[PDB]
Amino acid sequence: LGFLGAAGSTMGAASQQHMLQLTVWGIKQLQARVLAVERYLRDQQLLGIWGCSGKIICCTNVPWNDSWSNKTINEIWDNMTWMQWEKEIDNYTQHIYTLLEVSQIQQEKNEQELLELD
Amino acid sequence: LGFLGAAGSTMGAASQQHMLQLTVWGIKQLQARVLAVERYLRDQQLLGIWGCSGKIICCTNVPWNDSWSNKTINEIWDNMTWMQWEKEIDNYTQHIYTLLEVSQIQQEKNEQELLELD
Amino acid sequence: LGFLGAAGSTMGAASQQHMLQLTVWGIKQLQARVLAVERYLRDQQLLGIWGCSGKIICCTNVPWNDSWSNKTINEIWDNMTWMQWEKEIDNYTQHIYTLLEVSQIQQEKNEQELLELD
Amino acid sequence: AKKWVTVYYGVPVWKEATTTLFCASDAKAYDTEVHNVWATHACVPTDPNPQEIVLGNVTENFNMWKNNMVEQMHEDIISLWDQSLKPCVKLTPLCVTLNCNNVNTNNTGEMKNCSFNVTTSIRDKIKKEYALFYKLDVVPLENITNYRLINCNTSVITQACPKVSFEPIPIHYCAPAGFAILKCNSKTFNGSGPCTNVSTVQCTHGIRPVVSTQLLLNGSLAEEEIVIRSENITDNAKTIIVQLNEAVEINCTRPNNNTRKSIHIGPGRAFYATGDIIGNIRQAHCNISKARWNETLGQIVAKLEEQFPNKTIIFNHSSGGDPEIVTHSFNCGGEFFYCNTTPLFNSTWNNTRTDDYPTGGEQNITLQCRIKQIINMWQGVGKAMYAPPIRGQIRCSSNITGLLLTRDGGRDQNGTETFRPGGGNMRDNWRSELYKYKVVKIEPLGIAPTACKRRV
Amino acid sequence: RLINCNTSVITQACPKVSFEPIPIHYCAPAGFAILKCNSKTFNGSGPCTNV
Ligand SMILES: *[C@@H]1O[C@H](CO)[C@@H](O[C@@H]2O[C@H](CO)[C@@H](O[C@@H]3O[C@H](CO)[C@@H](O)[C@H](O)[C@@H]3O)[C@H](O)[C@H]2NC(C)=O)[C@H](O)[C@H]1NC(C)=O
Ligand SMILES: *[C@@H]1O[C@H](CO)[C@@H](O[C@@H]2O[C@H](CO)[C@@H](O[C@@H]3O[C@H](CO)[C@@H](O)[C@H](O)[C@@H]3O)[C@H](O)[C@H]2NC(C)=O)[C@H](O)[C@H]1NC(C)=O
Ligand SMILES: *[C@@H]1O[C@H](CO)[C@@H](O[C@@H]2O[C@H](CO)[C@@H](O)[C@H](O)[C@H]2NC(C)=O)[C@H](O)[C@H]1NC(C)=O
Ligand SMILES: *[C@@H]1O[C@H](CO)[C@@H](O[C@@H]2O[C@H](CO)[C@@H](O)[C@H](O)[C@H]2NC(C)=O)[C@H](O)[C@H]1NC(C)=O
Ligand SMILES: *[C@@H]1O[C@H](CO)[C@@H](O[C@@H]2O[C@H](CO)[C@@H](O)[C@H](O)[C@H]2NC(C)=O)[C@H](O)[C@H]1NC(C)=O
Ligand SMILES: *[C@@H]1O[C@H](CO)[C@@H](O[C@@H]2O[C@H](CO)[C@@H](O)[C@H](O)[C@H]2NC(C)=O)[C@H](O)[C@H]1NC(C)=O
Ligand SMILES: *[C@@H]1O[C@H](CO)[C@@H](O[C@@H]2O[C@H](CO)[C@@H](O)[C@H](O)[C@H]2NC(C)=O)[C@H](O)[C@H]1NC(C)=O
Ligand SMILES: *[C@@H]1O[C@H](CO)[C@@H](O[C@@H]2O[C@H](CO)[C@@H](O)[C@H](O)[C@H]2NC(C)=O)[C@H](O)[C@H]1NC(C)=O
Ligand SMILES: *[C@@H]1O[C@H](CO)[C@@H](O)[C@H](O)[C@H]1NC(C)=O
Ligand SMILES: *[C@@H]1O[C@H](CO)[C@@H](O)[C@H](O)[C@H]1NC(C)=O
Ligand SMILES: *[C@@H]1O[C@H](CO)[C@@H](O)[C@H](O)[C@H]1NC(C)=O
Ligand SMILES: *[C@@H]1O[C@H](CO)[C@@H](O)[C@H](O)[C@H]1NC(C)=O
Ligand SMILES: *[C@@H]1O[C@H](CO)[C@@H](O)[C@H](O)[C@H]1NC(C)=O
Ligand SMILES: *[C@@H]1O[C@H](CO)[C@@H](O)[C@H](O)[C@H]1NC(C)=O
Ligand SMILES: *[C@@H]1O[C@H](CO)[C@@H](O)[C@H](O)[C@H]1NC(C)=O
Ligand SMILES: *[C@@H]1O[C@H](CO)[C@@H](O)[C@H](O)[C@H]1NC(C)=O
Ligand SMILES: *[C@@H]1O[C@H](CO)[C@@H](O)[C@H](O)[C@H]1NC(C)=O
Ligand SMILES: *[C@@H]1O[C@H](CO)[C@@H](O)[C@H](O)[C@H]1NC(C)=O
Ligand SMILES: *[C@@H]1O[C@H](CO)[C@@H](O)[C@H](O)[C@H]1NC(C)=O
Ligand SMILES: *[C@@H]1O[C@H](CO)[C@@H](O)[C@H](O)[C@H]1NC(C)=O
Ligand SMILES: *[C@@H]1O[C@H](CO)[C@@H](O)[C@H](O)[C@H]1NC(C)=O
Ligand SMILES: *[C@@H]1O[C@H](CO)[C@@H](O)[C@H](O)[C@H]1NC(C)=O
Ligand SMILES: *[C@@H]1O[C@H](CO)[C@@H](O)[C@H](O)[C@H]1NC(C)=O
Ligand SMILES: *[C@@H]1O[C@H](CO)[C@@H](O)[C@H](O)[C@H]1NC(C)=O
Ligand SMILES: *[C@@H]1O[C@H](CO)[C@@H](O)[C@H](O)[C@H]1NC(C)=O
Ligand SMILES: *[C@@H]1O[C@H](CO)[C@@H](O)[C@H](O)[C@H]1NC(C)=O
């Protein structure tokens, strides 16, 4: 569990083989394995459609709207400690996902094809 | 279900937390979850070996053989409505998969390595 | 099973729809499907964090330490037949994984961001 | 010039399939932690915004009786009826010899006062017990009338629990990810034809599992016309499903104030019999309206006279049989009613008019129901069920929306065709609601030629 | 008569079946985690500062 070690640091300072038996401890282990594989794949599925498939830091082409937040870059990268920043923009997040889905990939793939016919 | 909205348009115009109980509604839900995860991963596994891993429009290096179809580009991109085009080339599809597997990736990876030793 | 055909060659010469019933043959098939999907995803998860997400031949930026092996390139690419090479460096492998995880990706992503602010 | 292969993902192509569908109820129930029979613990909560994509110019082909959703639902209702009454009381020590006499009101006898020796909870002593129970639950064994219980030759018999409800709450059917359900939006669509207005859903209609014969009660309605479906309408062995456009309301009741005993047989197992009747002893009538059903029966025949366009058509009652086959049988509050429909299928229709209903009488056609305790619905050969008595009075107020018919023979008597209410299958109840759904399978990966190529 | 044979079905436990309380660890699946209080004097229903 390599995460969570910088859970209090600021945002910039963090820069076996057993036959399946249907008994009461077998059902729980099977449910745990299916939960783990689904919860991994939904995050990979979200990262795939944004062009950020195999990266951990991914820049985009979506400009930042000031209705989401009015703060400054060095104001939030030096004070805010990711739990608080996640509680701040929690209302605006789903909308931002849609802007990552269209305006950075749908306009990037099709136009790329228009360069390939030369 | 964001697909299927252009199912009649032409081809160019479309440019909770419950303990797992083994009762009669629990078995069906578990089977549905395993079906969903397998049916996602086989399509991602096919796209991975063609060099088209995180894209929705992917160009290749396989020339189009006229034994597959004799039609024109603007003849099929303006009239044909994907169900009909899928019924047309249904016999030739598996062979084409093999040409995507070898002649665009096996010849692309090895030769790329021959450029990296400089 | 397209692998294993060059299991004796040298290292350079290899250049249906059934309702889920919880009976004694149903439990085995369900366990087999969950084993297959997990064993695929752990290898894809290892390849993802090394920047080698959708490739089969992937070069890196980790220099080869001679404490791992002292042999020559054309000495091991012409004689050694992958089973033997895997038995040779089996003690040093986990450490090498860590050097692929940090010194080729953590130093590549962050520095890439330092080029994007221009 | 110089075409090249190109791969797309997210392409609207479907094929036909057969998969596993799962339940979906909603959170207008599920406030109390109770367990009825149609589980609804394990039903996923449905979405308050169900999406319907209207397709374009698609002309998908459907079938009303080559559907696999019906075969899944018929097995998901039999199986779910056996989770309950698996941890319940077997009535094997009740298969004994019964003495009796008759209750003081005959034909209203339909009750019997019975006495029997029982081996009690302590396996040395013999107790003697009394219970009232109905006729149609007995068989005469060989003067003193000395009989026994109906179904001890051939089945193991199981008392259902009280505090286990039977109320038919709706069931949605969902398909997993990578599948979809297609829906027909045509106004008057028969069985087995093409369509022109098709839509896609993830989740079907609110289907209610009403177990019923001879009539379809809390169902769904057509639009602007009554519609008749059949497989091959010229053949007589195929059943006919009639769907109405205006519902006909019906008001059953059972006036009695009967009580319940509690005979304790075996350790921790109580047997709930029927005690005494407080007050008068009456019938169990039902009262369908008369002027309201006359119009319905008269506009069924306007569509029936087109398929057989010379002959006069008449309606005749059913033929002999078990009382659970030839009568309208249904469930109401916990009892099982068995009313006969000879006052309904009675008449003769020459030219969409009749002489069989006078207008010189009164309205409110009556029906005589009857009660039965031992019920073996779905015709399992070795299983039955004992429904314990409800104390108080019972009322139904059902909402009739369609019916089942079958023809008789091909013998040329006259220009005369007899229809009889006789649809002999339980699947026919659930083809009436699943007629417009078909499960497909999404194939999102496409190959097409265009003029683009990779670079090195 | 015996103590409980008019209200319950009664079942003999087998010999060679042990009752000894061996310890149980509770593990959470991947994607979850368990937090832990390290305060020396901690009541119920409060905050912490050493987690
Ligand atoms: C339940 O078990 C009891 C056990 O006593 C049964 O009682 C039986 O009752 C009959 C009728 O009174 C007895 O018959 C006797 O016959 C002699 C000779 O004819 C006559 O002189 C007596 O006056 C009397 O009628 C019988 O002995 C008695 N006991 C047994 C063991 O049969 C009772 O009939 C059982 N009930 C049912 C429904 O099985
Ligand atoms: C078909 O079903 C109907 C019931 O809907 C049967 O009709 C019923 O016939 C009886 C006797 O013919 C009627 O009772 C009589 O009413 C008249 C006038 O009120 C009275 O003078 C008589 O003394 C007697 O009370 C009864 O009203 C009638 N039912 C209804 C609802 O009107 C009929 O017998 C069945 N069969 C055939 C072949 O029609
Ligand atoms: C059914 O028959 C039994 C015959 O024993 C009746 O039970 C007796 O009824 C009388 C009259 O009320 C009471 O004095 C007795 O105490 C009852 N019990 C016994 C063991 O004799 C019973 O009432 C009858 N039930 C009906 C509906 O007729
Ligand atoms: C349901 O109605 C359709 C009409 O939309 C019927 O389909 C036609 O049936 C006739 C006679 O069998 C054929 O000649 C036509 O080719 C069919 N198609 C069309 C487009 O007209 C269908 O037979 C009807 N089904 C039943 C059971 O009556
Ligand atoms: C049902 O309709 C009947 C009319 O046919 C109502 O009347 C009584 O029905 C019983 C049942 O046979 C007869 O014994 C009475 O003589 C009838 N009385 C009269 C005045 O006709 C009956 O009340 C209706 N029930 C309901 C609940 O509406
Ligand atoms: C409804 O069907 C029954 C038979 O199922 C018909 O009853 C027969 O009627 C004729 C006419 O008098 C008698 O000769 C027969 O003996 C009757 N029984 C049988 C078994 O055939 C009855 O007539 C039919 N109803 C109508 C209105 O025709
Ligand atoms: C269905 O109910 C009707 C009620 O009218 C029954 O018809 C009559 O029942 C009486 C009972 O005394 C018979 O004497 C008559 O012969 C019956 N017929 C006619 C035309 O009056 C009918 O028998 C019932 N059917 C069943 C199967 O119980
Ligand atoms: C456990 O101790 C904490 C002290 O850290 C108590 O928390 C405070 O309780 C008082 C009185 O109820 C409140 O006014 C404060 O708002 C609480 N919080 C803080 C941060 O001081 C807590 O009530 C104690 N719990 C029990 C069951 O005694
Ligand atoms: C947001 O920031 C601007 C300037 O930084 C400031 O004037 C304003 O008060 C802030 N708050 C809101 C709610 O706009
Ligand atoms: C977020 O949404 C909630 C609910 O509408 C609202 O009360 C709150 O003011 C919003 N903004 C923040 C910063 O929480
Ligand atoms: C295919 O196309 C060519 C020219 O476009 C035409 O001559 C030929 O008839 C077509 N059909 C077949 C089966 O070759
Ligand atoms: C595809 O294969 C089938 C089966 O061999 C054949 O009948 C058909 O002519 C082929 N071509 C097309 C265009 O369907
Ligand atoms: C196996 O050994 C033979 C001679 O022993 C050699 O010629 C051959 O190349 C080797 N490899 C394979 C794959 O046959
Ligand atoms: C490793 O290689 C070097 C030179 O290639 C050689 O001198 C040495 O003996 C080898 N073995 C070890 C164990 O160092
Ligand atoms: C690998 O580790 C084992 C166990 O410590 C050791 O015996 C062996 O010498 C090591 N080296 C090789 C080449 O196997
Ligand atoms: C359906 O057909 C009409 C007329 O042929 C056409 O205008 C329309 O674009 C088609 N597609 C849809 C989605 O309506
Ligand atoms: C049931 O058993 C009795 C005798 O116990 C017999 O007379 C009767 O005919 C049997 N019924 C059936 C349907 O076998
Ligand atoms: C198809 O059915 C939908 C269902 O609401 C309706 O909105 C639409 O108007 C129908 N289309 C036609 C052409 O009747
Ligand atoms: C329908 O039934 C009639 C009468 O038996 C028969 O002749 C015919 O073959 C059946 N099928 C069709 C498709 O009409
Ligand atoms: C039925 O009998 C019970 C006996 O306690 C009585 O309380 C109740 O009022 C009766 N109901 C009617 C409708 O008479
Ligand atoms: C009945 O059949 C005759 C032919 O035998 C025909 O002349 C007549 O039109 C038919 N009746 C109707 C209402 O079609
Ligand atoms: C049916 O109606 C006709 C009038 O269309 C009439 O002449 C005839 O007598 C009636 N009855 C029969 C049995 O045909
Ligand atoms: C039944 O309908 C016919 C046709 O409208 C009518 O003549 C007759 O009077 C109706 N019967 C009653 C009882 O209303
Ligand atoms: C009986 O007939 C009357 C007509 O006056 C109607 O209002 C009433 O609803 C009918 N009863 C039932 C139970 O339908
Ligand atoms: C069983 O017997 C004991 C003593 O006779 C009594 O306390 C208990 O209530 C009895 N149980 C039942 C269900 O009668
Ligand atoms: C918090 O608890 C850990 C538990 O080992 C301890 O090592 C650490 O010193 C504690 N921190 C403080 C500030 O008490």
What FRET efficiency comes out for the pair C:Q106/B:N65, r = Cβ-Cβ distance, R0 = 45 Å, nearest 0.05? 0.45
Positive end of the dipole of chain B, charges at C-beta (+1 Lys, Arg; -1 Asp, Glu), about the Cα centre: which of B:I27, B:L47, B:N91 has its Cα farthest in that direction? B:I27
Measuring nothing but label to label, 7 Å from Cα along Cα→Cβ, what are A:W50's distances to the other copies in nm, shortest first? 2.6, 2.6
Computed ³J(HN,Hα) along the range D:90-104: with the Karplus parameters 6.51/-1.76/1.60, θ = phi - 60°, integer Hz and x for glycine or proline, the list is 6, 10, 4, x, 7, 6, 10, 8, 10, 8, 7, 8, 10, 6, 5
Karplus (6.51, -1.76, 1.60) ³J(HN,Hα), θ = phi - 60°, over the range A:59-65, in Hz, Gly and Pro reported as x: 7, 10, 10, 9, x, 7, 7
Could you please report the charge total around B:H18, scoring K, R as +1 and D, E as -1 over all other residues with beta-carbon less than 15 angstrom from its beta-carbon? +1
Rounded to the nearest 5, what is the percent of antiparallel bridges among the DSSP beta bridges in the range D:313-456? 75 percent
Just to confirm a number: summing +1 for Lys and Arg and -1 for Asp and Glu over residues other than D:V103 whose beta-carbon lies under 10 angstrom from that of D:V103, what do you get? -1
Take the alpha carbon gyration tensor of chain D, find the square roots of its eigenvalues, order them as a ≥ b ≥ c, and report rounded if a/c is under 1.5; if not, report prolate when a/b exceeds b/c, else oblate. oblate
Starting at the first residue of the range B:83-98, write each ³J(HN,Hα) from the Karplus equation 6.51 cos²θ - 1.76 cosθ + 1.60 with θ = phi - 60°, in whole Hz, x for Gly and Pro. 4, 6, 5, 6, 6, 7, 9, 5, 6, 9, 6, 5, 3, 5, 4, 5
Under 22 Å from D:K303, Cα to Cα: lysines that are on another chain or at least 8 residues apart: D:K187, D:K238, D:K290, D:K311, D:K436
On a full-extension model of 0.36 nm per residue, what is the gain between C:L30 and C:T72, subtracting their alpha-carbon distance, rounded to one decimal in nm? 10.4 nm
Is chain B rounded, prolate or oblate when judged by the Cα gyration tensor, a ≥ b ≥ c being the square roots of its eigenvalues, rounded requiring a/c under 1.5 and prolate requiring a/b larger than b/c? oblate
Rounding to the nearest 20 debye, state how big the charge dipole of the range B:1-117 is about its Cα centre with +1 on each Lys and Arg Cβ and -1 on each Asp and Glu Cβ. 700 debye
For A:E101, go 7 angstrom from Cα along the Cα-to-Cβ vector, then report the distances to that same point in the other copies in nm, smallest first. 3.3, 3.3
Give the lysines whose C-alpha is closer than 26 Å to that of A:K87, dropping any in the same chain fewer than 8 places away, or say none. A:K55, A:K71, E:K36
What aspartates and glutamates does D:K127 reach when the alpha-carbon gap must be under 19 Å and sequence neighbours fewer than 8 apart in one chain are set aside? none
With +1 on each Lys and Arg Cβ and -1 on each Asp and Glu Cβ, and nothing else charged, work out how big the dipole of the range D:11-161 is about its Cα centre, in Debye to the nearest 20. 1000 debye
About the Cα centre of the protein assembly as shown, what is the dipole size in debye to 20, counting +1 per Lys and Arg Cβ and -1 per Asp and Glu Cβ, all else neutral? 4580 debye
In a shell of Cβ-Cβ distance under 15 Å around D:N294, excluding D:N294 itself, what net charge do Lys and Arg (+1) and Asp and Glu (-1) give? -3
Compute the label-point distances linking B:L117 to its equivalents in the other copies; points lie 7 Å from Cα along Cα→Cβ; give nm, one decimal, shortest first. 4.1, 4.1
Quick one: which residues, 5 or more positions from D:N340 or on another chain, have an amide H under 5 Å from its amide H? H modelled 1.01 Å from N in the peptide plane, none for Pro or chain starts. D:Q368
1/(1 + (r/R0)^6) with r = Cβ-Cβ of D:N61 and B:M19, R0 = 41 Å, i.e. FRET efficiency to nearest 0.05, evaluates to 0.45
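Read the figures in this text as sums done on the coordinates, not as results from a lab. Virtual Cβ from ideal backbone geometry, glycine too; neighbours counted across all protein chains shown.
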